[PDB]
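Below is final-v5.txt, holding compact mmCIF, C-alpha atoms and all ligand atoms.
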```txt
# COMPACT_ATOMS: atom_id res chain seq x y z
CA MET A 1 211.06 -11.72 46.38
CA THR A 2 212.93 -14.83 45.10
CA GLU A 3 212.90 -15.17 41.28
CA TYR A 4 213.00 -18.53 39.48
CA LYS A 5 214.23 -18.61 35.85
CA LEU A 6 212.43 -21.55 34.21
CA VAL A 7 212.95 -22.71 30.62
CA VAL A 8 210.41 -24.89 28.75
CA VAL A 9 212.30 -27.03 26.16
CA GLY A 10 211.48 -29.87 23.79
CA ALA A 11 210.72 -30.87 20.21
CA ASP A 12 208.40 -28.90 17.90
CA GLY A 13 204.78 -29.77 18.78
CA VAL A 14 205.11 -31.42 22.25
CA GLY A 15 202.91 -28.76 23.89
CA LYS A 16 205.44 -26.34 25.48
CA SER A 17 203.22 -23.29 24.79
CA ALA A 18 199.95 -25.11 25.69
CA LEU A 19 201.47 -26.24 29.05
CA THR A 20 202.67 -22.65 29.79
CA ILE A 21 199.31 -21.06 28.73
CA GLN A 22 197.36 -23.69 30.72
CA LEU A 23 199.45 -22.93 33.86
CA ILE A 24 199.01 -19.11 33.61
CA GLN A 25 195.66 -18.53 31.77
CA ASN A 26 193.86 -21.77 32.87
CA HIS A 27 192.77 -22.56 29.29
CA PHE A 28 193.72 -24.99 26.56
CA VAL A 29 195.04 -23.72 23.20
CA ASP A 30 193.89 -26.13 20.43
CA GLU A 31 195.66 -24.09 17.69
CA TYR A 32 199.26 -24.83 16.69
CA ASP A 33 201.23 -21.55 16.48
CA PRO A 34 205.01 -22.26 16.32
CA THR A 35 206.96 -20.23 18.92
CA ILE A 36 209.97 -17.99 18.24
CA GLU A 37 210.42 -17.02 21.94
CA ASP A 38 207.86 -15.81 24.55
CA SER A 39 208.44 -14.93 28.24
CA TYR A 40 206.16 -14.62 31.30
CA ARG A 41 206.72 -13.10 34.76
CA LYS A 42 204.18 -14.59 37.22
CA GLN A 43 203.82 -14.32 40.99
CA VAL A 44 202.92 -17.65 42.69
CA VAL A 45 202.86 -19.15 46.22
CA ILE A 46 204.87 -22.40 46.46
CA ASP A 47 205.17 -24.14 49.88
CA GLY A 48 204.06 -20.94 51.65
CA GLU A 49 206.74 -18.87 49.83
CA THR A 50 205.63 -16.06 47.45
CA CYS A 51 207.93 -16.09 44.43
CA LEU A 52 208.24 -14.80 40.85
CA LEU A 53 208.41 -17.34 38.01
CA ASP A 54 210.23 -16.03 34.93
CA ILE A 55 209.12 -18.59 32.33
CA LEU A 56 210.74 -18.79 28.92
CA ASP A 57 208.60 -20.56 26.30
CA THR A 58 211.18 -21.58 23.64
CA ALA A 59 211.16 -22.64 19.96
CA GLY A 60 211.01 -26.36 19.26
CA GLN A 61 211.79 -25.62 15.59
CA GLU A 62 215.39 -26.64 14.68
CA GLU A 63 215.63 -23.32 12.72
CA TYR A 64 216.16 -21.48 16.07
CA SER A 65 218.80 -24.01 17.39
CA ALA A 66 221.43 -21.18 17.75
CA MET A 67 219.25 -19.20 20.29
CA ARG A 68 219.64 -22.07 22.83
CA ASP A 69 223.16 -21.38 24.31
CA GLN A 70 222.22 -17.99 25.83
CA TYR A 71 218.87 -19.07 27.37
CA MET A 72 220.55 -22.28 28.72
CA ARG A 73 223.25 -20.09 30.32
CA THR A 74 220.73 -17.84 32.22
CA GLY A 75 218.03 -20.50 32.84
CA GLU A 76 218.08 -21.91 36.41
CA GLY A 77 215.73 -24.89 35.81
CA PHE A 78 214.60 -26.81 32.70
CA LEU A 79 211.22 -28.38 31.93
CA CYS A 80 212.22 -31.05 29.35
CA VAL A 81 208.95 -31.80 27.58
CA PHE A 82 208.16 -34.68 25.22
CA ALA A 83 204.77 -35.94 23.96
CA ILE A 84 203.76 -39.50 25.00
CA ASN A 85 202.47 -40.04 21.37
CA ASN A 86 205.74 -38.87 19.73
CA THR A 87 208.79 -41.18 19.92
CA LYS A 88 211.13 -38.67 18.21
CA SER A 89 210.24 -36.05 20.92
CA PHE A 90 211.32 -38.54 23.69
CA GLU A 91 214.61 -39.36 21.87
CA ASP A 92 215.26 -35.57 21.43
CA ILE A 93 215.25 -35.21 25.30
CA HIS A 94 218.80 -36.71 25.47
CA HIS A 95 220.06 -33.99 23.05
CA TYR A 96 218.39 -31.14 25.05
CA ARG A 97 219.80 -32.55 28.37
CA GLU A 98 223.37 -32.99 26.94
CA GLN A 99 223.31 -29.41 25.53
CA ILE A 100 222.07 -28.00 28.90
CA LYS A 101 224.82 -29.99 30.78
CA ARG A 102 227.43 -28.70 28.24
CA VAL A 103 226.43 -24.97 28.48
CA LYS A 104 226.05 -25.05 32.30
CA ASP A 105 229.17 -27.26 32.69
CA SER A 106 227.39 -29.42 35.33
CA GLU A 107 225.63 -32.83 35.60
CA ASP A 108 223.45 -31.44 38.43
CA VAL A 109 221.19 -28.97 36.61
CA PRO A 110 217.60 -28.54 38.02
CA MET A 111 215.44 -30.41 35.49
CA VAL A 112 212.06 -32.14 35.30
CA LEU A 113 211.16 -34.71 32.61
CA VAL A 114 207.62 -33.93 31.31
CA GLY A 115 205.58 -36.48 29.32
CA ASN A 116 202.82 -34.29 27.86
CA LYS A 117 199.50 -35.16 26.05
CA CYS A 118 198.70 -37.92 28.63
CA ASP A 119 194.94 -37.35 27.79
CA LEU A 120 195.57 -38.96 24.32
CA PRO A 121 194.91 -42.71 23.78
CA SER A 122 197.57 -42.95 20.95
CA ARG A 123 200.58 -43.53 23.30
CA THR A 124 203.95 -44.62 21.76
CA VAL A 125 206.23 -44.14 24.85
CA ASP A 126 205.56 -46.44 27.85
CA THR A 127 205.42 -44.59 31.26
CA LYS A 128 208.00 -47.15 32.62
CA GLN A 129 210.46 -46.30 29.78
CA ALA A 130 210.15 -42.51 30.51
CA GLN A 131 210.41 -43.20 34.28
CA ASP A 132 213.62 -45.29 33.68
CA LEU A 133 215.15 -42.47 31.59
CA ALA A 134 214.35 -39.87 34.34
CA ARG A 135 215.96 -42.29 36.89
CA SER A 136 219.19 -42.54 34.74
CA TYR A 137 219.28 -38.68 34.85
CA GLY A 138 218.47 -38.49 38.60
CA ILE A 139 215.55 -36.09 37.88
CA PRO A 140 211.76 -36.21 38.59
CA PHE A 141 209.31 -37.41 35.92
CA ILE A 142 205.76 -36.14 35.56
CA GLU A 143 203.04 -37.04 33.01
CA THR A 144 200.95 -33.98 32.07
CA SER A 145 198.05 -32.83 29.92
CA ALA A 146 197.80 -29.16 28.86
CA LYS A 147 194.13 -29.98 27.97
CA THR A 148 192.86 -31.44 31.31
CA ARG A 149 195.49 -29.58 33.50
CA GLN A 150 196.67 -33.00 34.90
CA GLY A 151 200.20 -32.69 36.38
CA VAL A 152 200.64 -29.08 35.06
CA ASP A 153 200.97 -27.30 38.48
CA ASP A 154 203.01 -30.27 39.78
CA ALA A 155 205.52 -30.08 36.85
CA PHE A 156 206.24 -26.34 37.31
CA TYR A 157 206.20 -26.47 41.16
CA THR A 158 208.50 -29.56 41.18
CA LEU A 159 210.96 -27.64 38.96
CA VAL A 160 210.95 -24.67 41.44
CA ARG A 161 211.54 -27.18 44.32
CA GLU A 162 214.47 -28.61 42.24
CA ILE A 163 216.07 -25.10 41.85
CA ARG A 164 215.45 -24.41 45.60
CA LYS A 165 216.79 -27.92 46.64
CA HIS A 166 219.92 -27.26 44.46
CA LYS A 167 220.56 -23.66 45.84
CA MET B 1 214.67 -10.30 8.97
CA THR B 2 213.90 -6.81 10.39
CA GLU B 3 212.91 -6.78 14.09
CA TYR B 4 210.58 -4.12 15.62
CA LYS B 5 210.56 -3.62 19.36
CA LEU B 6 207.04 -2.60 20.36
CA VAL B 7 206.06 -1.52 23.89
CA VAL B 8 202.42 -1.61 25.05
CA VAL B 9 201.88 1.07 27.76
CA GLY B 10 198.90 2.55 29.62
CA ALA B 11 196.90 2.61 32.89
CA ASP B 12 196.14 -0.58 34.89
CA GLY B 13 193.08 -2.25 33.27
CA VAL B 14 192.90 -0.57 29.80
CA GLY B 15 193.39 -3.92 28.01
CA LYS B 16 197.15 -3.95 27.15
CA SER B 17 197.38 -7.73 27.71
CA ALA B 18 194.03 -8.51 26.02
CA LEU B 19 195.06 -6.46 22.91
CA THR B 20 198.47 -8.27 22.77
CA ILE B 21 196.92 -11.77 23.35
CA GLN B 22 194.19 -11.02 20.75
CA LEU B 23 196.85 -10.03 18.16
CA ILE B 24 199.06 -13.14 18.74
CA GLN B 25 196.70 -15.94 19.98
CA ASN B 26 193.45 -14.70 18.22
CA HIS B 27 191.77 -15.19 21.64
CA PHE B 28 189.93 -12.72 24.00
CA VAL B 29 190.97 -12.97 27.69
CA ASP B 30 187.95 -12.07 29.90
CA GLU B 31 189.97 -12.50 33.14
CA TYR B 32 191.88 -9.64 34.77
CA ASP B 33 195.41 -10.85 35.63
CA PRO B 34 197.68 -7.84 36.43
CA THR B 35 200.92 -7.98 34.40
CA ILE B 36 204.44 -7.80 35.82
CA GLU B 37 206.13 -8.02 32.36
CA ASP B 38 205.49 -10.43 29.45
CA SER B 39 207.16 -10.53 26.00
CA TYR B 40 206.04 -12.09 22.69
CA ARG B 41 207.78 -12.59 19.35
CA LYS B 42 205.60 -12.83 16.24
CA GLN B 43 206.51 -13.10 12.56
CA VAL B 44 204.13 -11.03 10.38
CA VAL B 45 203.87 -9.64 6.81
CA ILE B 46 203.40 -5.84 6.74
CA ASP B 47 203.18 -4.08 3.33
CA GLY B 48 204.78 -7.11 1.63
CA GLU B 49 207.70 -7.15 4.11
CA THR B 50 208.12 -10.20 6.42
CA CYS B 51 209.16 -8.87 9.83
CA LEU B 52 209.51 -9.86 13.49
CA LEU B 53 207.57 -8.08 16.20
CA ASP B 54 209.15 -8.14 19.67
CA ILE B 55 206.23 -7.01 21.83
CA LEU B 56 206.62 -6.04 25.47
CA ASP B 57 203.38 -6.21 27.48
CA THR B 58 204.11 -3.92 30.47
CA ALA B 59 202.65 -3.38 33.96
CA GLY B 60 199.97 -0.69 34.27
CA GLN B 61 200.33 -0.96 38.08
CA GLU B 62 202.18 2.06 39.56
CA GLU B 63 204.10 -0.43 41.81
CA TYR B 64 206.35 -1.29 38.80
CA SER B 65 206.94 2.41 37.79
CA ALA B 66 210.77 1.95 38.16
CA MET B 67 210.91 -0.78 35.38
CA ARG B 68 209.86 1.85 32.76
CA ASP B 69 213.26 3.59 32.20
CA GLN B 70 215.02 0.55 30.67
CA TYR B 71 212.25 -0.53 28.29
CA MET B 72 211.64 3.10 27.20
CA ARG B 73 215.36 3.35 26.26
CA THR B 74 215.27 0.13 24.10
CA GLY B 75 211.63 0.25 22.83
CA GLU B 76 211.45 1.51 19.20
CA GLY B 77 207.70 2.22 19.13
CA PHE B 78 205.03 2.69 21.82
CA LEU B 79 201.35 1.71 21.78
CA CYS B 80 199.79 4.21 24.26
CA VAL B 81 196.51 2.62 25.42
CA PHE B 82 193.50 4.08 27.25
CA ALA B 83 189.96 2.67 27.63
CA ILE B 84 187.09 4.70 26.06
CA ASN B 85 184.99 3.95 29.23
CA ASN B 86 187.70 5.13 31.68
CA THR B 87 188.31 8.90 32.02
CA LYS B 88 191.31 8.47 34.36
CA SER B 89 193.02 6.13 31.79
CA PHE B 90 192.69 8.89 29.14
CA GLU B 91 194.18 11.48 31.59
CA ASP B 92 197.12 9.09 32.33
CA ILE B 93 198.04 9.07 28.61
CA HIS B 94 199.95 12.41 28.84
CA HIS B 95 202.10 10.96 31.70
CA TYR B 96 203.25 7.98 29.52
CA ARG B 97 203.82 10.34 26.53
CA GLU B 98 205.83 12.77 28.74
CA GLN B 99 207.98 9.95 30.20
CA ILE B 100 208.75 8.36 26.79
CA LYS B 101 209.71 11.80 25.32
CA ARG B 102 211.91 12.48 28.42
CA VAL B 103 213.81 9.10 28.24
CA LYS B 104 214.20 9.28 24.40
CA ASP B 105 215.00 13.05 24.58
CA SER B 106 212.81 13.56 21.46
CA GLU B 107 209.31 14.74 20.44
CA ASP B 108 209.46 12.41 17.39
CA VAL B 109 209.15 8.98 19.01
CA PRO B 110 207.15 6.33 17.04
CA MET B 111 203.84 6.17 18.92
CA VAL B 112 200.19 5.29 18.32
CA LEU B 113 197.32 6.46 20.57
CA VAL B 114 194.92 3.53 21.11
CA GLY B 115 191.33 3.90 22.35
CA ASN B 116 190.50 0.38 23.60
CA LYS B 117 187.14 -1.31 24.62
CA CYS B 118 185.19 0.33 21.71
CA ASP B 119 182.76 -2.69 21.85
CA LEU B 120 181.41 -1.25 25.17
CA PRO B 121 178.34 1.07 25.13
CA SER B 122 179.47 2.89 28.37
CA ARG B 123 181.76 5.45 26.61
CA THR B 124 183.09 8.38 28.78
CA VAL B 125 185.90 9.57 26.45
CA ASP B 126 184.80 11.29 23.21
CA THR B 127 186.55 10.14 19.97
CA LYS B 128 187.04 13.88 19.04
CA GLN B 129 188.87 14.56 22.36
CA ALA B 130 191.22 11.54 21.78
CA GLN B 131 191.78 12.53 18.09
CA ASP B 132 192.65 16.12 19.21
CA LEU B 133 195.18 14.82 21.77
CA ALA B 134 196.79 12.55 19.09
CA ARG B 135 196.96 15.63 16.81
CA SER B 136 198.75 17.71 19.48
CA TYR B 137 201.32 14.84 19.62
CA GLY B 138 201.54 14.45 15.80
CA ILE B 139 200.75 10.70 16.11
CA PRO B 140 197.98 8.39 14.71
CA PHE B 141 194.82 7.54 16.77
CA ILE B 142 193.08 4.15 16.45
CA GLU B 143 189.99 2.87 18.33
CA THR B 144 190.21 -0.87 19.15
CA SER B 145 188.43 -3.79 20.81
CA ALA B 146 190.48 -6.75 22.13
CA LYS B 147 187.12 -8.66 22.23
CA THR B 148 185.91 -8.21 18.59
CA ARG B 149 189.48 -7.72 17.14
CA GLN B 150 188.36 -4.30 15.67
CA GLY B 151 191.42 -2.10 14.93
CA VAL B 152 193.84 -4.56 16.64
CA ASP B 153 195.94 -5.45 13.52
CA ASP B 154 195.70 -1.79 12.37
CA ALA B 155 197.09 -0.46 15.73
CA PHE B 156 200.17 -2.75 15.70
CA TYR B 157 200.78 -2.38 11.90
CA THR B 158 200.44 1.44 12.11
CA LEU B 159 203.06 1.44 14.90
CA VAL B 160 205.47 -0.60 12.67
CA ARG B 161 204.82 1.90 9.80
CA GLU B 162 205.65 4.71 12.30
CA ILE B 163 209.04 3.04 13.25
CA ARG B 164 209.79 2.51 9.50
CA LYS B 165 209.20 6.28 8.86
CA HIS B 166 211.47 7.34 11.76
CA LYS B 167 214.27 4.97 10.59
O1 LIG C 201 216.56 -4.34 26.17
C1 LIG C 201 215.56 -4.93 26.55
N1 LIG C 201 215.04 -6.05 26.02
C2 LIG C 201 213.82 -6.54 26.68
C3 LIG C 201 212.76 -6.53 25.61
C4 LIG C 201 212.30 -7.64 24.96
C5 LIG C 201 212.67 -9.06 25.18
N2 LIG C 201 211.79 -9.52 26.25
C6 LIG C 201 212.41 -10.27 27.35
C7 LIG C 201 213.03 -9.36 28.40
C8 LIG C 201 214.41 -9.85 28.85
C9 LIG C 201 214.77 -9.58 30.30
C10 LIG C 201 215.31 -10.81 31.04
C11 LIG C 201 214.33 -11.36 32.06
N3 LIG C 201 213.06 -11.85 31.44
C12 LIG C 201 213.24 -12.63 30.19
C13 LIG C 201 213.86 -13.97 30.43
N4 LIG C 201 213.27 -14.97 31.17
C14 LIG C 201 214.11 -16.07 31.18
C15 LIG C 201 213.96 -17.31 31.78
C16 LIG C 201 214.97 -18.24 31.62
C17 LIG C 201 216.10 -17.94 30.88
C18 LIG C 201 216.24 -16.71 30.27
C19 LIG C 201 215.24 -15.75 30.41
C20 LIG C 201 215.05 -14.40 29.94
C21 LIG C 201 216.01 -13.59 29.10
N5 LIG C 201 217.11 -13.16 29.97
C22 LIG C 201 218.32 -13.58 29.59
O2 LIG C 201 219.38 -13.36 30.16
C23 LIG C 201 218.12 -14.34 28.34
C24 LIG C 201 219.03 -14.98 27.52
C25 LIG C 201 218.58 -15.64 26.39
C26 LIG C 201 217.22 -15.65 26.08
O3 LIG C 201 216.79 -16.31 24.97
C27 LIG C 201 216.31 -15.01 26.90
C28 LIG C 201 216.77 -14.36 28.04
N6 LIG C 201 211.36 -7.28 24.02
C29 LIG C 201 211.22 -5.90 24.04
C30 LIG C 201 210.41 -5.07 23.29
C31 LIG C 201 210.47 -3.70 23.52
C32 LIG C 201 211.32 -3.19 24.49
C33 LIG C 201 212.13 -4.02 25.24
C34 LIG C 201 212.09 -5.40 25.03
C35 LIG C 201 213.68 -5.52 27.79
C36 LIG C 201 212.72 -5.43 28.79
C37 LIG C 201 212.80 -4.39 29.70
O4 LIG C 201 211.87 -4.29 30.68
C38 LIG C 201 213.82 -3.45 29.61
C39 LIG C 201 214.77 -3.56 28.62
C40 LIG C 201 214.69 -4.59 27.70
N1 LIG C 202 195.50 -33.59 23.38
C1 LIG C 202 196.48 -32.73 23.73
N2 LIG C 202 196.93 -31.83 22.83
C2 LIG C 202 197.93 -30.96 23.17
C3 LIG C 202 198.44 -30.98 24.46
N3 LIG C 202 199.38 -30.02 24.54
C4 LIG C 202 199.47 -29.43 23.34
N4 LIG C 202 198.58 -30.00 22.51
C5 LIG C 202 198.38 -29.66 21.08
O1 LIG C 202 199.59 -29.87 20.34
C6 LIG C 202 199.72 -28.91 19.30
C7 LIG C 202 201.06 -28.20 19.50
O2 LIG C 202 201.01 -27.55 20.77
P1 LIG C 202 201.96 -26.32 21.17
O3 LIG C 202 201.66 -25.87 22.55
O4 LIG C 202 201.86 -25.17 20.07
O5 LIG C 202 203.38 -27.09 21.11
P2 LIG C 202 204.81 -26.37 21.05
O6 LIG C 202 205.87 -27.42 21.63
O7 LIG C 202 204.79 -25.12 21.84
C8 LIG C 202 205.15 -26.01 19.30
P3 LIG C 202 206.61 -24.98 19.00
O8 LIG C 202 207.94 -25.75 19.44
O9 LIG C 202 206.72 -24.80 17.50
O10 LIG C 202 206.48 -23.73 19.84
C9 LIG C 202 198.52 -27.96 19.43
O11 LIG C 202 197.53 -28.29 18.44
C10 LIG C 202 197.98 -28.22 20.83
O12 LIG C 202 196.56 -28.05 20.93
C11 LIG C 202 197.94 -31.90 25.37
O13 LIG C 202 198.41 -31.96 26.52
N5 LIG C 202 197.00 -32.77 24.98
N1 LIG C 203 184.81 -5.35 26.57
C1 LIG C 203 186.16 -5.30 26.52
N2 LIG C 203 186.90 -5.67 27.60
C2 LIG C 203 188.26 -5.59 27.56
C3 LIG C 203 188.89 -5.16 26.38
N3 LIG C 203 190.22 -5.22 26.60
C4 LIG C 203 190.41 -5.63 27.87
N4 LIG C 203 189.22 -5.88 28.45
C5 LIG C 203 188.98 -6.41 29.82
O1 LIG C 203 189.53 -5.55 30.82
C6 LIG C 203 190.10 -6.31 31.89
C7 LIG C 203 191.57 -5.95 32.05
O2 LIG C 203 192.24 -6.20 30.81
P1 LIG C 203 193.82 -6.46 30.72
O3 LIG C 203 194.20 -6.95 29.38
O4 LIG C 203 194.31 -7.43 31.89
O5 LIG C 203 194.31 -4.95 30.93
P2 LIG C 203 195.79 -4.53 31.35
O6 LIG C 203 195.97 -3.05 30.81
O7 LIG C 203 196.72 -5.48 30.70
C8 LIG C 203 195.90 -4.66 33.16
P3 LIG C 203 197.58 -4.51 33.83
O8 LIG C 203 198.13 -3.05 33.53
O9 LIG C 203 197.51 -4.66 35.35
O10 LIG C 203 198.46 -5.52 33.15
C9 LIG C 203 189.89 -7.79 31.54
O11 LIG C 203 188.73 -8.26 32.24
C10 LIG C 203 189.64 -7.76 30.04
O12 LIG C 203 188.82 -8.83 29.57
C11 LIG C 203 188.10 -4.81 25.29
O13 LIG C 203 188.61 -4.40 24.22
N5 LIG C 203 186.76 -4.88 25.39
MG MG C 204 205.32 -23.13 21.29
MG MG C 205 198.28 -6.60 31.55
```

Encoded form (structure tokens):
Amino acid sequence: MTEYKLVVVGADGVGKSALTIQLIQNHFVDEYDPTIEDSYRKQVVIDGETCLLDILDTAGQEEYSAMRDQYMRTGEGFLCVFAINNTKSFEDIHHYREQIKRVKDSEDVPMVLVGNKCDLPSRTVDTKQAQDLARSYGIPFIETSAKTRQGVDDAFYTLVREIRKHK
Amino acid sequence: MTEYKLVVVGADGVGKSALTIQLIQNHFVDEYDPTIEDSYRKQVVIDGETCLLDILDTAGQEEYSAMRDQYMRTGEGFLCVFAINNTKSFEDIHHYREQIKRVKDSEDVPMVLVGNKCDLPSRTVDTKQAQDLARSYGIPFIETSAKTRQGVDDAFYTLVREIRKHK
């Protein structure tokens, strides 16, 4: 069985854990419990192929910024998550992408730009701006909601297709 | 900060995942999703000491019986779980105990016997029988419910106290 090593990255509070928990447990976590580092091994069927997703739910807190190098080295694909109502989280994407590109020593790293909390009316980042940034990176962009499940399966499955399309 | 590697072991369906998820997320999972291998890191305060719990939620399914050797070598303490309404799960306990003791080459391995699903009225395993088995092992015995949260914090904290004694 083919294994896919996925890493969920982004600023503290964007919904990395809620997106991961929504995908696996089909429920929305309203509580904010800062992550140190959690991992999940889940068997899924993507495009008729049964595969194992090894998902790493990382810390957004800058206090764990030294843990990054090792998980970026072993990670095969990166879900770069920002919140559509948090401008700093969108700006932080560039830093996460540059660090991934540095560690991996490649400009062609499987990545998906994720604009989470798309259920919220308090938007600060235009869809077109996020789309343009994803285009400058040459990566897909998906708007998601860990609450409604909108784009959640699509974000994770697109990332697997990116790793597969790269291999 | 002191780290404690905790391994949750036991028969398929005893509530290893529900106990782990209840401890960390303060949420009861009603669904039965067989585990491959999940890991969680949680910062807690035990007896005035701030520590990090590195919890491995293992597969109860006999199909992943080869994965055991590695995590039994690195695991510092083991939560051995059975369900009070499942006689076979209680009988399987001695097999987990005997494998841990074999891999560690010691009869003094930090362990806690856990009697889960104590919220259920359909009991088939007597508390006295489980207490007597824990006594033959020289380990603590705690009855728990991943649904009500009864004994959950006590089971994990007792295990940490067991590792601290051994160290
Ligand atoms: O020595 C062991 N440590 C593991 C363990 C953990 C940490 N859990 C995770 C597991 C790790 C495996 C790898 C693929 N599963 C974890 C996983 N999924 C990923 C997805 C993307 C990128 C990296 C990873 C990783 C990690 N693998 C790396 O190389 C790596 C680099 C930097 C990271 O920060 C994270 C990872 N907690 C425990 C508590 C008690 C007992 C054992 C443990 C473990 C498990 C096991 O069955 C047998 C032995 C061990
Ligand atoms: N409305 C809405 N709220 C969300 C969404 N995703 C996450 N949240 C909320 O945002 C808060 C933070 O979510 P969380 O999943 O813990 O974010 P995180 O990026 O993992 C935080 P850390 O980096 O510290 O681990 C929570 O209160 C959660 O309910 C979403 O898609 N929509
Ligand atoms: N009433 C009650 N039900 C429980 C309790 N703990 C677990 N369950 C239920 O038992 C079922 C299986 O629980 P689960 O946590 O997946 O057990 P597991 O030992 O992890 C199964 P696997 O070994 O395959 O990973 C679920 O439906 C769950 O809700 C409990 O304390 N009380
Ligand atoms: Mg988180
Ligand atoms: Mg389980």

*asked:* So, with all atoms listed in the file as the atoms that count, which of A:115, A:110, A:151, A:34 lies closest to ligand LIG 202 (chain C)?
replied: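 Closest candidate: A:34.
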
*asked:* Would you mind listing, as an MDAnalysis selection string, all residues of chain A that have at least one atom within 10 Å of chain B, where all atoms listed in the file are what counts?
replied: chainID A and resid 24:25 27 29 31:43 52 54:57

*Could you list, as an NGL selection string, all the residues within 7 Å of ligand LIG 201 (chain C), counting only C-alpha atoms and all ligand atoms?*
(:A and (5-7 or 39 or 54-56 or 67-68 or 70-72 or 74-76)) or (:B and (5-7 or 39 or 54-56 or 67-68 or 70-72 or 74-76))

Let me see if you get this right: every residue at most 10 Å from ligand LIG 202 (chain C), counting only C-alpha atoms and all ligand atoms, written as a PDB file with C-alpha atoms, in the frame of the given file.
```pdb
ATOM      1  CA  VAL A   8     210.410 -24.890  28.750  1.00  0.00           C
ATOM      2  CA  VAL A   9     212.300 -27.030  26.160  1.00  0.00           C
ATOM      3  CA  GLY A  10     211.480 -29.870  23.790  1.00  0.00           C
ATOM      4  CA  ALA A  11     210.720 -30.870  20.210  1.00  0.00           C
ATOM      5  CA  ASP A  12     208.400 -28.900  17.900  1.00  0.00           C
ATOM      6  CA  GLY A  13     204.780 -29.770  18.780  1.00  0.00           C
ATOM      7  CA  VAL A  14     205.110 -31.420  22.250  1.00  0.00           C
ATOM      8  CA  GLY A  15     202.910 -28.760  23.890  1.00  0.00           C
ATOM      9  CA  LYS A  16     205.440 -26.340  25.480  1.00  0.00           C
ATOM     10  CA  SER A  17     203.220 -23.290  24.790  1.00  0.00           C
ATOM     11  CA  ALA A  18     199.950 -25.110  25.690  1.00  0.00           C
ATOM     12  CA  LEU A  19     201.470 -26.240  29.050  1.00  0.00           C
ATOM     13  CA  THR A  20     202.670 -22.650  29.790  1.00  0.00           C
ATOM     14  CA  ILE A  21     199.310 -21.060  28.730  1.00  0.00           C
ATOM     15  CA  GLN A  22     197.360 -23.690  30.720  1.00  0.00           C
ATOM     16  CA  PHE A  28     193.720 -24.990  26.560  1.00  0.00           C
ATOM     17  CA  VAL A  29     195.040 -23.720  23.200  1.00  0.00           C
ATOM     18  CA  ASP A  30     193.890 -26.130  20.430  1.00  0.00           C
ATOM     19  CA  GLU A  31     195.660 -24.090  17.690  1.00  0.00           C
ATOM     20  CA  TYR A  32     199.260 -24.830  16.690  1.00  0.00           C
ATOM     21  CA  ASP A  33     201.230 -21.550  16.480  1.00  0.00           C
ATOM     22  CA  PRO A  34     205.010 -22.260  16.320  1.00  0.00           C
ATOM     23  CA  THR A  35     206.960 -20.230  18.920  1.00  0.00           C
ATOM     24  CA  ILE A  36     209.970 -17.990  18.240  1.00  0.00           C
ATOM     25  CA  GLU A  37     210.420 -17.020  21.940  1.00  0.00           C
ATOM     26  CA  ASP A  38     207.860 -15.810  24.550  1.00  0.00           C
ATOM     27  CA  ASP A  57     208.600 -20.560  26.300  1.00  0.00           C
ATOM     28  CA  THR A  58     211.180 -21.580  23.640  1.00  0.00           C
ATOM     29  CA  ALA A  59     211.160 -22.640  19.960  1.00  0.00           C
ATOM     30  CA  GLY A  60     211.010 -26.360  19.260  1.00  0.00           C
ATOM     31  CA  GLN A  61     211.790 -25.620  15.590  1.00  0.00           C
ATOM     32  CA  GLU A  62     215.390 -26.640  14.680  1.00  0.00           C
ATOM     33  CA  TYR A  64     216.160 -21.480  16.070  1.00  0.00           C
ATOM     34  CA  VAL A  81     208.950 -31.800  27.580  1.00  0.00           C
ATOM     35  CA  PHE A  82     208.160 -34.680  25.220  1.00  0.00           C
ATOM     36  CA  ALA A  83     204.770 -35.940  23.960  1.00  0.00           C
ATOM     37  CA  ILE A  84     203.760 -39.500  25.000  1.00  0.00           C
ATOM     38  CA  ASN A  85     202.470 -40.040  21.370  1.00  0.00           C
ATOM     39  CA  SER A  89     210.240 -36.050  20.920  1.00  0.00           C
ATOM     40  CA  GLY A 115     205.580 -36.480  29.320  1.00  0.00           C
ATOM     41  CA  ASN A 116     202.820 -34.290  27.860  1.00  0.00           C
ATOM     42  CA  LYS A 117     199.500 -35.160  26.050  1.00  0.00           C
ATOM     43  CA  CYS A 118     198.700 -37.920  28.630  1.00  0.00           C
ATOM     44  CA  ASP A 119     194.940 -37.350  27.790  1.00  0.00           C
ATOM     45  CA  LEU A 120     195.570 -38.960  24.320  1.00  0.00           C
ATOM     46  CA  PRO A 121     194.910 -42.710  23.780  1.00  0.00           C
ATOM     47  CA  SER A 122     197.570 -42.950  20.950  1.00  0.00           C
ATOM     48  CA  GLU A 143     203.040 -37.040  33.010  1.00  0.00           C
ATOM     49  CA  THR A 144     200.950 -33.980  32.070  1.00  0.00           C
ATOM     50  CA  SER A 145     198.050 -32.830  29.920  1.00  0.00           C
ATOM     51  CA  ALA A 146     197.800 -29.160  28.860  1.00  0.00           C
ATOM     52  CA  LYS A 147     194.130 -29.980  27.970  1.00  0.00           C
ATOM     53  CA  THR A 148     192.860 -31.440  31.310  1.00  0.00           C
ATOM     54  CA  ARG A 149     195.490 -29.580  33.500  1.00  0.00           C
ATOM     55  CA  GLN A 150     196.670 -33.000  34.900  1.00  0.00           C
ATOM     56  CA  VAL A 152     200.640 -29.080  35.060  1.00  0.00           C
TER      57      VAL A 152
END
```

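The coordinates place atom CA of residue A:87 at 21.2 Å from atom CA of residue A:138.
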
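Our summary of the geometry notes that atom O8 of ligand LIG 203 (chain C) is positioned 28.9 Å from atom CA of residue A:78.
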